[PDB]
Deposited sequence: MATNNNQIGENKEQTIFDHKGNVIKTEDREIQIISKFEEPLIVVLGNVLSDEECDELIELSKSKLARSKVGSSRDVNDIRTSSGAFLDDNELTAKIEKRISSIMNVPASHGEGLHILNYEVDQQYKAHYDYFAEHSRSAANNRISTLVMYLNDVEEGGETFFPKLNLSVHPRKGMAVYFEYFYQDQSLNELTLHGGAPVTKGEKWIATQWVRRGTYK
């Protein structure tokens, strides 16, 4: 089966950054990526997420609000995921700490679901900090895990005709046992989502 992600070789040349292709699990496609966000961009995304400052307009986790930094990153992400940024839900920030985990789940919606009309097709999780211990992104049906490393990311997609491959993208966030974990997530839909 063809994949949405189609980058060959060892790097993805985006407009403002060279992304490193680190490892690939082929089907379903799970790709570890390096050099996705700079260290300062990582710090700024956390700082933005904790802040209650917003721009004025006339008239767990949370999606960030658009600014010049966040638009730059969605543009970069769009190159990586081969789908226009208009299809992304925006930079969602999640933070979990010691004695917490994110239970395993699929990122897409059920066929009987209402949001299945314009269902999610692919995911990028960006590690915004270094986790002292724990906090892996794990795929329990694949026996595969990606450990948080600041500036790196895991891409995976679930848009296959054989929906068995799609159910293999079940994933979770492992317990943090030392420190804390901050991730940015971009969920991409099959159609324009705005």
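Residues 1-12, 72-82 of the deposited sequence, counted from 1, carry no C-alpha coordinates in the model.
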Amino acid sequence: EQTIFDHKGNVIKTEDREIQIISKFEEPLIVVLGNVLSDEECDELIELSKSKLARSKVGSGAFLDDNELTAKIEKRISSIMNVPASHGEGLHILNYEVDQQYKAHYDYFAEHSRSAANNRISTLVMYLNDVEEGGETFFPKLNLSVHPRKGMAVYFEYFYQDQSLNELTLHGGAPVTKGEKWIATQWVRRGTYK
From here on, numbers count along this sequence of modelled residues.
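When the mean C-alpha temperature factors of 130-138 and 42-50 are read from the deposited coordinates, 42-50 comes out higher. Mean CA B-factor, 30-38 versus 156-164: the higher value falls on 156-164.
Residue-level inspection of the entry shows that, of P175, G179, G9, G172, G179 has the top Cα B-factor. In the deposited coordinates, the residue among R76, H87, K103, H92 with the greatest CA B-factor is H87. The deposited CA B-factor of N143 belongs to the middle third of values across its chain. Looking at the C-alpha B-factors along this chain, the one for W187 belongs to the lowest third. In this PDB entry, the Cα temperature factor of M81 sits in the bottom third of its chain's modelled residues, the lowest group.
In this PDB entry, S122 carries a Cα temperature factor that places it within the middle third of its chain's modelled residues.
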